[PDB]
Amino acid sequence: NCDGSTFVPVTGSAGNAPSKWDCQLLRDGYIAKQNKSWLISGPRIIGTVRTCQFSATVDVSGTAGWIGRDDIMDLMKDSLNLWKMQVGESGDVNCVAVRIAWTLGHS
Amino acid sequence: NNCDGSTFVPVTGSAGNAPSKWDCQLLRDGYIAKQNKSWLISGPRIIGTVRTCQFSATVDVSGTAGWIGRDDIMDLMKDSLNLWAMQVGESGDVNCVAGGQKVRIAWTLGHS
């Protein structure tokens, strides 16, 4: 449902990066087991493992769009591959009703 | 001044992790506005902080380095605060003089 997502490294204070182990468990332990899609109409947390969190909003106010777990699977895999301070990754992606702004970062 | 247009991504996070907008106002007008300079970005670098609010940048493509100017940051901050689970920040990707000919700089306006 979501394709061609931009990738922007998010910068912040030393100490405010999530643990990458927490981000690994979020993808494989949590998101990977969610056989669903999420309706995004505003700021919404999709999942949390301790220090790591995936969240999303809509760019255009008043709009709503569907993001699936598998899209989040790919966005998380790509974000953790792009990453070596950096405290997160954000991106803009087009999804079935729509521009969805996602964030991988601290809880 | 040394960076073209740029792009805007609203950064989502936990309720309570947004900077104070007053701190972000002071950062732009009180702090950044008085810095008569450009910053060389080759890595994660904090450009300025007022209490809870912070402007920072890095390079996409490690090994590259690029110049971001006061007037770039003035504009990126004005545009981000106009555009602004709660939104906790704005990020963007912008093309800046390398200091190739052009270098991709990833900026963040957010919590300190």
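For region B:1-45, just the Cα atoms, rotate onto the principal axes and tell me the three extents in Å, largest first.
Computed over region B:1-45, the largest-to-smallest principal extents equal 34, 23, 21 Å.
Where the centre of each part is set by its Cα atoms, how far does region A:68-105 sit from region B:43-84, in angstrom?
21
Pulled fully out, how much extra length does the chain show between A:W83 and A:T6, if you take 0.36 nm times their separation in residues and subtract their Cα-Cα distance?
The A:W83-A:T6 span can extend by a further 26.3 nm.
Using the Cα centre as the reference, give the magnitude of the dipole from point charges on the C-beta atoms of the protein assembly as shown (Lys, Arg: +1; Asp, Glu: -1; all else neutral), rounded to the nearest 20 debye.
Here the protein assembly as shown has a charge dipole of around 520 debye.
Where does chain A land on Rg/Rh, using Cα atoms and the Kirkwood Rh?
In chain A, Rg relative to Rh is 0.94.
From the backbone phi of region B:56-68, what are the Karplus-calculated ³J(HN,Hα) couplings (6.51 cos²θ - 1.76 cosθ + 1.60, θ = phi - 60°) in whole Hz, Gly and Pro given as x?
Per residue, the Karplus-derived 3J(HN,Hα) values read 9, 7, 9, 9, 6, 6, 5, x, 8, 8, x, 9, 10 Hz.
Hand me the trypsin sites (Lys or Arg not before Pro) from region A:30-80 located in a DSSP loop with no more than 12 other Cβ atoms within 10 Å, in residue order please.
A:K36
Per-residue Cβ counts within 10 Å, from other chains only, averaged over A:10-20: what number is that?
Neighbouring Cβ atoms belonging to other protein chains average 5 per residue here.
What are the ³J(HN,Hα) couplings of region B:42-50, residue after residue, when phi is run through the Karplus curve with 6.51, -1.76, 1.60 and θ = phi - 60°? Round to Hz, x for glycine and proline.
Each residue's phi maps through the Karplus curve to give 10, x, x, 8, 7, 8, x, 9, 10 Hz.
Please report the net charge: other residues with Cβ closer than 15 Å to the Cβ of A:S37, K and R +1, D and E -1.
0
Under the Karplus relation 6.51 cos²θ - 1.76 cosθ + 1.60, θ = phi - 60°, what is the ordered set of whole-Hz ³J(HN,Hα) values for region B:106-112, x standing for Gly and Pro?
Coupling constants for region B:106-112: 8, 9, 9, 9, x, 4, 4 Hz.
If you take each beta carbon of peptide A:53-60 and count the beta carbons of other chains within 10 angstrom, what is the mean?
4
Is it possible to state the helix-based mean residue ellipticity at 222 nm for the protein assembly as shown, with each DSSP H run of 4+ residues giving -39500 (n - 2.57), the sum divided by total residues, to the nearest 500 deg cm²/dmol? What is it?
It comes out at -5000 deg cm²/dmol, rounded to the nearest 500.
Share of Cα-Cα pairs in the protein assembly as shown beyond 26 Å, in percent?
Here the long-distance tail beyond 26 Å is 31 percent of all Cα pairs in the protein assembly as shown.
Other chains near B:85-95: what is the mean number of their Cβ atoms within 10 Å of each residue's Cβ?
Average per residue, whole number: 5.
For region A:1-20 and region B:2-33, write down the distance between their C-alpha centroids in whole Å.
16
Here, each number is a calculation from the coordinates, and none is a lab measurement. Using ideal geometry, Cβ is built from the backbone for each residue, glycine included, and neighbour counts are taken over all protein chains shown.
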